[PDB]
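Remarks on the overall topology
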Amino acid sequence: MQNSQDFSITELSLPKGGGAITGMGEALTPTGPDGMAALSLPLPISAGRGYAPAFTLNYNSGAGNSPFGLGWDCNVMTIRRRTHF
Amino acid sequence: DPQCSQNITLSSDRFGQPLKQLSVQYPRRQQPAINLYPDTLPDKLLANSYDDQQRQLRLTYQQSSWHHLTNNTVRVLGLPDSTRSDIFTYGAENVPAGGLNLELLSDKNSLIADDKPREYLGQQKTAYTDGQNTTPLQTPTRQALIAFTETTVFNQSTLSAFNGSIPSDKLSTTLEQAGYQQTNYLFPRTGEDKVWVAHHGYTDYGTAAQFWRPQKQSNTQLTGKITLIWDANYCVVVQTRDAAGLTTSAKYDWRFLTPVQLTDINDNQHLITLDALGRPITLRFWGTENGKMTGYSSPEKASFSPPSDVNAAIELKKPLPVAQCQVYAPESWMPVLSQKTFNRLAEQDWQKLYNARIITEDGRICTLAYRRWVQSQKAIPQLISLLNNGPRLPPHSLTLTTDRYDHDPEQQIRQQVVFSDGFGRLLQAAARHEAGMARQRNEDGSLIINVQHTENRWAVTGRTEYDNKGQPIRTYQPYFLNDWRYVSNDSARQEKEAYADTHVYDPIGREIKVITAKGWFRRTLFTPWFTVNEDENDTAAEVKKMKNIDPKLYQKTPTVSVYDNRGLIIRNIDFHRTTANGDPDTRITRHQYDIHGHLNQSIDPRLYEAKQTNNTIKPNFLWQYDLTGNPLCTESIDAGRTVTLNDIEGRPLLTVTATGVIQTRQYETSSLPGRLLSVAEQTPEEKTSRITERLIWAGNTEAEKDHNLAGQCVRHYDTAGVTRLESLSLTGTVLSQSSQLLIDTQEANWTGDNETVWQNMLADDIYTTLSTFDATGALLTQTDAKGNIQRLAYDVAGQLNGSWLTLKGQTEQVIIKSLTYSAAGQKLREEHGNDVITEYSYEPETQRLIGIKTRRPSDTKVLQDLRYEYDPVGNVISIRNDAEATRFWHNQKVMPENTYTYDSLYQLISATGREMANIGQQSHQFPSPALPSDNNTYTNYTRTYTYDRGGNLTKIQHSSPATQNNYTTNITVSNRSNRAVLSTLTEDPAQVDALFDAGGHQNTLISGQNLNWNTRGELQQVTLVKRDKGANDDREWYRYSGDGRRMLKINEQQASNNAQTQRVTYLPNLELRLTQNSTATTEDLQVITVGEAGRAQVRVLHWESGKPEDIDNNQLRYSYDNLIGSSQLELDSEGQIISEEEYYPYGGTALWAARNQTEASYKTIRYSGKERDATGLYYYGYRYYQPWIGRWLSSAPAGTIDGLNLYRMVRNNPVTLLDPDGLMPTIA
Amino acid sequence: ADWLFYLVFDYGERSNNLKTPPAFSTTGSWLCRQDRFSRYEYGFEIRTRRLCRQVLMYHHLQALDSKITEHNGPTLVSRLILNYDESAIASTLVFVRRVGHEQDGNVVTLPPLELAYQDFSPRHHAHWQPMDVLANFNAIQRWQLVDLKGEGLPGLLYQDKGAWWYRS
Amino acid sequence: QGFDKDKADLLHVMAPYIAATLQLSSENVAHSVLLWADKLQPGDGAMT
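By the naming in the PDB entry, chain B goes by TcdB2,TccC3 and is assigned to Photorhabdus luminescens.

Named according to the PDB entry, chain A is TcdB2,TccC3 originating from Photorhabdus luminescens.

Shown next as structure tokens:
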């Protein structure tokens, strides 16, 4: 629609049920130049007010160990000292 | 010949934003010496694939800016401020060697350098607010609250699209009234003026003490604002309000933050129940209809516990106080442990299996853990049985939807099961139907093709196989199964009778080859410039292993779409022959696009060649658009030139038609929602715009809520009368509607504001219809305008399963005793109240009719028995009637079939059939039926049809050697337009346009009879007999509703001793026919119409006065319609024949006989479900059709027809096609 | 009391049984993993001795809804069950299930995501292969296995007197 | 057919046409190319 925006809240309409079964997905990633296998899984985090933390469990081959098991990561943003050298 | 394009960033900001960008569409290479094409293509294809529009270099230049609110404490980057988009066009010769790149473009003399032809396309600006002011801020706040968006709609040059037709001052004033404002360019150049813009998407924001939520919103400043009432935590909107005072609200399920209990603007509640994890489980709704509460019981009254197990959920009883109850079984794919297997493992082995994670904590078998134990030779054999004696079903869900409400004694439950894969795509769906034959599902999911009678039948449909990319590769045709459980795929594939198609995809994901159940296939070839599309006839030669049209006719006759370098279709070439061994011609439709990519013009190939010869010839169509693509003007050689202006809300304010009638629309003001209040118009001849329509809208009072009318149009005053809405259902449909028509001498000019006056414009015969609906919304009871009641019943699947009619003052008549439907839901069997059984046969591989049989079971007498033979596409090549000839045939028992021949464009070339030996010449004048006592015979005939390069039928050659009928119909076709008439009006093509008005409406029907079109393009009056200034003209005239329905037809004869007036009023479910002689009523007949015309409609003739002495009252007329809805066989209440009629392909009558003349006089629906008028003209909704010509009486409005010839009758294939209301909807 | 939504990570301090939802506020210790490990790249030992057993979401229904009493605390709305195939050598994630709980204690489950990893099984796979290709590769002569020129696999480098020889 | 050489300088007239059919000659290059050939007479007779 011309002369219309998508930031408009117009309905309180109820959702419909049935349809295809979804449940949980698997973000098996089509990685490129790194050649690594990777998979992301979502967490059941409610949007709440529309601002909510973003989390996923990331599987990354060769990542190392973790609180979520070998090869998995918590995906928490941090600042860290560089230990590389 | 590759296509090529390039996006170049010319400049960017310090924060990486694209300040300047260029999109380059490179021109096509010229013709190469070597083509490198597969040469499976028709000849003269590549030559006709090149066009000047493909050789253009298109440089779309976009300039923009942003705001960056940066400081030591704030960092908001990339907030849009503005953009401008210009386009340059250069020739192929201007492409630099090596193509374009940034270094060349940055050059001071580059193609996008200044002092170059920058054609403006448009610009936008974002206005920011602070939630306090209304005035746009110079810079945004940290919050980036957007006030509104500014879009340029008109350049000054685009106002030339008005083609004058408005004063210069009137136009600037009108644009301001419409909300357009004049402003400057955001990225101005030296040398330009202001442009017109629209402001939209307005938001008023709340504050920082709240979350900065929008509080009020509107599309434009010309309308009101909706108010968002936020909850305590500003998380969800709880209540909404609007300008009319109409509000809605909802309660939320705080576990999910989703609405569950909703209040409509009417006193109508909707409630859903959610489970853990948030899936809808149940739905109820309740509230009022007519001052009292009905619907489903609220949950505190009607307790309900949704079922768990899917089979348990199917085997339910009627009184379930719920709609759409869901049962989910996503777990069904997993193997589970039965109690026998577990109880054996329950001693020691289950523990090892449990620790191995084979046996889950919920007693299921883990897929991978099980496989690991099989691989490691640890698996316990007892578990093998759980993978085989209980085949898994794909994850699925069951819907249980009732027809009626909680208190109703009958509540059928529609049982719908859907299955899906693990990618979330449906595999199939099935629904419960009534008992009958069905395929069997074996214990292992194997499909048994051998059908058996059963109580439990599901119609399996949409069964689809996929390739793990979501590209369905196989569709199975629908069928009935004696189960609901999913049928195994490996089994179905080997049945073969379990018919299915095949979709072959390329690496892009496009379908290349589609093979149907019959082995016939479509094939598409793609090249960078054109797409070649072959149908099943085009490919027929390759699927040989001659009962149809010799496939040589369609060899190398693909449809080819030729594109420009912007991806737009500029040419559409058809190839064609009329003979199998001919040399196909090249019929090319041409299109051109403007700088915005909108279709600017289109040219018919007949007119194209004429146009090259004579450059004064116009394109068939020309369009002019505003900068956002809204057509402002359209001109059609077959429909005239119109100009339209809409306001900033998108609603039309002003339009002028081809004939110069200017129509304007009065809408509500900004304190109101902005709904239409009135339509007024004036012709060039008058000064005052007359109000032809007036809408009284409902508000938000209790009386309105009580009848579910809040916010509805409740009184619609239009051109024929006034329609009143008295009540709506809880489901949103009409329960009560009534109307009055205008006095014959009264024009619609609903002036003033006092309905007292408006009532005096009306006749006092007020018609009221009433309805009852179920919870779903199916019509259960329909009371017509005079009190006759139609009662309907539906089956477990929701389809009609019977029908009855109670006449006013009488007992209930059964109209339909029984109905059966195919898996596809097609009518399969029908048993009528007159003990006539209609049976349909469908080709199961194509799911289309292959025959129709009509019989009387009491004497096993077949009255009709048709067979339809089709070519590989679906054109009917033969229609055969294997029934015995009827009693109206004087010693003639055998009826040869109807042979059809089509050209490669599927136009008829020829057709054969039977006709009355004495039918004579086809004209607008219809012959009297033969009576069986006449001892008449029928003959065979053939017609041949000749068409021009524009698809106009130019000649029809009728031949019937038995009586030596030799009738040549000559059609004179305009040499400037596709307007055409018979040679009896004019022979000179240059005089043809003179016979049509500015809008393309024919002025003369037949020579001597004039046509009065009104301002809406509707036919107001037909002169039948032109007389002197003493005697009056015989004429017929009409009144139409606001949506263009013929509401009233008046047949006025002026014969001095026979000045009969037939007043025919069209009411829902009733044709009311009042016939008066020059002094008084001779007949007063109510024709009750049960069912749709063209769908074996049953009519009842009820007389209140003047019933013929040879007709009983309450006479029933059962129509048996053909493939496209034409009425061929008419039976009485005992199934005896009343009449028989055949038609020429275009609707002319070929054959007609009846039991009596009196009975014959009441048959009104004749062709393709439509009424044949007195003039021979057929009425189709928005159009009238001339069957003696094979053309429409008036052109379609531009834009409603996909092809270019606006007078063409149903693609020149009236054998298989029909066009409801005369305006075949766009495929778009 | 200050927040509407909570995302809680369970390290073994609360029940993960399908029969009942866990409380927001619980007591009891968390549970150590078998695959315990340390890291030293920051100059000190950092040691991980636990892993997340489940993840669960809670809503403060009293602040969100109306008519809520007793302030029992946040109520879960959804949780993930993380089962690990745990050994001292390695602990891997093998099962992820999303479940919810009904207000009457019933449990709603979705089909779980099952994962599998390769195994190291030298006790079954120890396949001896003679090698003729390493002719004369003598540990006590001037021979070594080295990658030269950036190649990923080592070749056979022989350092003679006056020349080097190499088999890539 | 379009341009009359005595109203429009034929070199200016033809430079855009040879520009399009030759390998992207700009109008000044195409003009110069035509002029070269007119001065040269590269043919059997006074081919200009």
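Examining the interface of chain A and chain B
Contacts between chain A and chain B engage 22 residues on the former and 50 residues on the latter. Roughly 2,600 Å² is buried in total at the junction of chain A and chain B, and carbon and sulfur atoms are behind 62% of that figure. Across the contact surface, chain A and chain B share nine residue pairs in polar contact. When its residues are assigned to classes, the side of chain A that touches chain B shows eight nonpolar, twelve polar and two charged.

Let's talk about the arrangement of the chains
Of all four pairs of chains that touch, the greatest number of contacts is found between chains A and B. You won't find any contact between chain A and chain D; their C-alpha atoms come no closer than 40 Å. Nothing in chain C touches chain D, and the closest approach of their C-alpha atoms is 48 Å.

Brief notes about the sheet that holds strand β11 (residues 164-167) of chain C
The strands making up a sheet associate through hydrogen bonds between their backbones, and the pairing can be parallel or antiparallel. Residues and elements named next belong to chain C. Taken in spatial order, the three strands make up an open sheet running β9-β10-β11, and their pairing is antiparallel. The strands lining the two open edges of the sheet, one partner per strand, are β9 (143-146) and β11. Direction aside, the axes of adjacent strands within the sheet are offset by 25° on average. Sheet topology note: the strand β10 (residues 155-159)/β11 ladder contains four bridges and is antiparallel. Looking at the pairing, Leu157 lines up with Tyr166 of β11.

As for the packing of aromatic side chains
Residue and element names in this part refer to chain B. By the definition in use, this model includes 40 aromatic pairs over all chains. Centre to centre, the rings of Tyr1038 and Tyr1040 are 6.1 Å apart; their planes meet at 40°, and the pair counts as tilted. Accessibility expressed as a relative area gives 2% for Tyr1038, which makes it buried. Their ring planes at 85° and their centres at 5.6 Å tell us that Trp1103 and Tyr1162 sit as a pair that is edge-to-face. With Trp1103 in strand β69 (residues 1098-1105) and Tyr1162 in the loop between α10 (1157-1160) and β74 (1165-1167), the pair connects residues that are 59 residues apart, well separated along the chain. According to the relative accessible area criterion, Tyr1162 is buried, its value standing at 14%. Chaining the aromatic ring pairs together yields one cluster made of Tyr1038, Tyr1040, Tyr1179 and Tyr1184. We note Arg463 situated over the ring of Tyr476; from NZ or CZ to the ring centre the distance is 4.8 Å. The cationic tip of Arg651 hangs over the ring face of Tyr667; the distance from NZ or CZ to the ring centre is 4.4 Å.

How each quantity is defined
Residues numbered from 1 in each chain as written, not as in the entry; some residues may be left out. Chains lettered and ligands numbered in written order. Part of a larger assembly, values for the part shown. Heavy atoms only, no water. Contact = heavy atoms within 4.5 Å. Buried area = accessible area lost by both parts, 1.4 Å probe. Polar contact = N/O pair within 3.5 Å; in protein donor to acceptor, adjacent residues only side chain to side chain. Nonpolar A, V, L, I, M, F, W, Y, C, P; charged D, E, K, R; others polar. Pairing = 2+ DSSP bridges. Helix = DSSP H or I, 4+ residues; strand = E, 2+ residues; numbered from the N terminus. Axes fitted to C-alpha atoms, helices over the stretch in contact; angles between N-to-C directions. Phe/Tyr/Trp six-rings, centres within 6.5 Å; stacked < 30°, edge-to-face > 60°. Buried < 20%, exposed > 50% of the residue type's maximum accessible area, 1.4 Å probe, protein only. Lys NZ or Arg CZ within 6 Å of the ring centre and 35° of its normal.

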